[PDB]
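Only one chain is given next, in structure tokens, and it is the form deposited without the partner chain.
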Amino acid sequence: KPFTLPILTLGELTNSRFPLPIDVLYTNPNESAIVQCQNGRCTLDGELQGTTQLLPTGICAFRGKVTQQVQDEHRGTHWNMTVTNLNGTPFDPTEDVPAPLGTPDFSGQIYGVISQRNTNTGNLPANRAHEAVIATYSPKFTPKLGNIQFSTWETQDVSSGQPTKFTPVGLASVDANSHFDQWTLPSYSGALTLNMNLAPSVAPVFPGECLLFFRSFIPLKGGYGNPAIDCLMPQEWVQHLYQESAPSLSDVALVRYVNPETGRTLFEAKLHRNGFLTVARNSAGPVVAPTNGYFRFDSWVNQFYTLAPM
């Protein structure tokens, strides 16, 4: 079965690490951090890795039940919630995943909405929703143990023992104390514990090459900043690769970024077996190109192939 990519343009793609549209292509050659995100991880022959699952609605989502309001040193009203798998089944910590699929894969204060639909009940359940923040760096962020903590501005109107959904919206803050670092993984089982079953780190191996990211700008609840989330492949590529399961005929696919209005190749890239892109670029920042561009699979090459400079 021949390898293929979706023919979706950049303006028709969404981020695999946060529910956002892809805004720009982006490089940062001098990135010192180890790049090892856990969402949007999929091999070219369709093997999902890390915490990656298929739903755009599942990315950085949680499902579970509030247990109790809890004390926390930090501002706001805090709540413990047990988390299940996103499909409602119990999370089994013995499964070989880092955390429930969909769990956020970066450090920061993730802003969103907690909503509840009560179990009990014209035989219709009571509901409530409020803004909420999940600090993924918190010692109480233990999704691998089956529970996390969120904070609200709302002081009271959150119910214990009721089905609870977290819908992510953005970040609460990117100030110094909010610890936003998109390449720092949460400690999924809590402070001082080793993460396990991780998707592997990614890096360029060839000289002059750097990672190419699909970048989205993420909303902020307040403060100054223009934060972004970089994913290795968009969610639609994850969905496509997963379904096709085409054999990878080498370690590296040659892809061309093409303008379909002109038919011209804007640049070429290496699409690696583990599911990430590299380019021959010597600068950091956005790739300035029309958002009607798309990557076209041209052929299987090898690690020794030299890319045309961008």
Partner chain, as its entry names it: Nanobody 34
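Numbering follows the first chain given and starts at 1.
Beyond the structure shown, there is the form solved in complex with the partner chain, which is absent from this document and is the topic of what follows.
K.L.:
Using the partner position in the bound PDB entry, report whether residue 94 sits within 4.5 Å of the partner chain, counting heavy atoms only.
P.N.:
Residue 94: contacts the partner chain in the bound PDB entry.
K.L.:
Does any part of residue 242 reach within 4.5 Å of the partner chain in the bound PDB entry? Heavy atoms only, please.
P.N.:
Looking in the bound PDB entry, residue contacts with the partner chain include residue 242, since a heavy atom lies within 4.5 Å.
K.L.:
Counting only non-hydrogen atoms and a 4.5 angstroms cut-off, does residue 123 reach the partner chain in the bound PDB entry?
P.N.:
Yes, residue 123 lies within 4.5 Å of the partner chain in the bound PDB entry.
K.L.:
Residue 101 near the partner chain in the bound PDB entry, any heavy atom under 4.5 Å?
P.N.:
Taking the distances in the bound PDB entry, the answer for residue 101 is yes, it comes within 4.5 Å of the partner chain.
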